[PDB]
Each structure stands twice: as structure tokens, then as C-alpha cells.
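Asks: The structure follows.
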Ligand SMILES: *[C@@H]1O[C@H](CO)[C@@H](O)[C@H](O)[C@H]1NC(C)=O
Ligand SMILES: *[C@@H]1O[C@H](CO)[C@@H](O)[C@H](O)[C@H]1NC(C)=O
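Listed below in C-alpha cells is the structure:
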């Protein structure tokens, strides 16, 4: 639950921008919470992570 | 040509390990928590040294 790609399309909103710097509620592909995003240059994500 | 075939097989079971993840995200060390007494100390302090 709350992670994956088998989503329920009952309640619908549109995809928004990842807005960095401000405290926001996020629903990122099932993950939910509150926080502040910061864009970074990462090299540790493989094709499955 | 002095070549050999090789296939090594050992059984699996459910058990607890301590895995070390390095700077890039690669598992570099592991310890089986119930194999010796040093591994008891290592899994207890959650340290490899
Ligand atoms: C604080 O407010 C300033 C200006 O109103 C804004 O630029 C900044 O992103 C805000 N920071 C946070 C953490 O809300
Ligand atoms: C294979 O091993 C034998 C062992 O005596 C050696 O004499 C021979 O030169 C080796 N041949 C090759 C192709 O490695």
C-alpha cells in the first residue's frame, strides 16, 4: 500500500511541478507527506531504484 | 585446454544480516548475526568495527 503503479483513478487531480524551496504537501506516486524539496545531482539511481 | 566446470550450491533460510552500504549505494560488507560471537557484538553495536 502507498507505493507502486496500481493506482486508483477514482479521485483525480493533474500532475503538478516539483516546486522546490517551499513547505508543501506531496503525493509522489503514492508516497504522502509534508516537506521541502531541493533539486540535486544524483548518480546512485540504477534502472530499478 | 585445462578448463573445468563448476557449480556451487548451498541452501537458503530466513535470517538477519548487517549490510554495509558505501558512498555509491553498493553493498560492500555483510555479517550473519548468528554465526559467531564477534558477529553477535557486531550486530549488537551495529558496527563493523
Ligand atoms: C519563505 O518565504 C520566502 C518569501 O516569502 C520564500 O521565498 C521562501 O521560499 C519561504 N521559505 C519557506 C521554507 O517557506
Ligand atoms: C594443461 O596442463 C598440463 C599439465 O601438465 C600442461 O602440461 C599443459 O601444457 C596444459 N595445456 C594448456 C593448453 O594449458
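Residue numbers (the deposited numbering), protein chains in the order written: chain B, 597 to 645; chain C, 250 to 298. Yeah, the Cβ is synthetic: ideal placement off N, Cα and C, and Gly gets one too.
How big is the Cα-Cα spacing for residue 630 of chain B and residue 618 of chain B?
Replies: Here the question's residue 630 of chain B lines up with position 34 in the first chain. Here the question's residue 618 of chain B lines up with position 22 in the first chain. If I take the Cα positions, the gap works out to 10 Å.
Asks: Mind pulling the beta strand (DSSP E) runs of 3 or more residues that sit fully within the region 616–642 of chain B?
Replies: Within the region 616–642 of chain B, the complete beta strand (DSSP E) runs of at least 3 residues are 620–624, 627–631.
Asks: In the DSSP assignment, what residue or residues form a beta bridge with residue 269 of chain C?
Replies: For the purposes of this step, residue 269 of chain C is identified with residue 20 of the second chain, where counting begins at 1. Answer is C:278, bridged to residue 269 of chain C.
Asks: Taking C-beta to C-beta, are residue 627 of chain B and residue 605 of chain B nearer than 8 Å?
Replies: Your numbering for residue 627 of chain B matches position 31 in the first chain. Your numbering for residue 605 of chain B matches position 9 in the first chain. Contact: no.
Asks: Please confirm whether residue 295 of chain C and residue 280 of chain C have their CB atoms less than 8 Å apart.
Replies: Taking the first residue of the second chain as 1, we reach residue 295 of chain C at position 46. Taking the first residue of the second chain as 1, we reach residue 280 of chain C at position 31. No, the pair does not count as a contact, with Cβ atoms beyond the cut-off.
Asks: Whose C-alpha, out of B:614, B:620, B:624, is nearest the C-alpha of residue 601 of chain B?
Replies: In the first chain, residue 601 of chain B corresponds to position 5, counting from 1. Nearest of B:614, B:620, B:624 to residue 601 of chain B, Cα basis: B:624.
Asks: Pull up the distance between the alpha-carbon of residue 283 of chain C and that of residue 293 of chain C, whole angstroms please.
Replies: One-based indexing of the second chain puts residue 283 of chain C at position 34. One-based indexing of the second chain puts residue 293 of chain C at position 44. Rounded to the nearest angstrom, the two C-alpha atoms are 11 Å apart.
Asks: Taking DSSP as the reference, what is the three-state secondary structure of residue 294 of chain C?
Replies: Counting from one through the second chain, the residue named residue 294 of chain C turns up at place 45. Looking at residue 294 of chain C - three-state DSSP - the assignment turns out to be helix.
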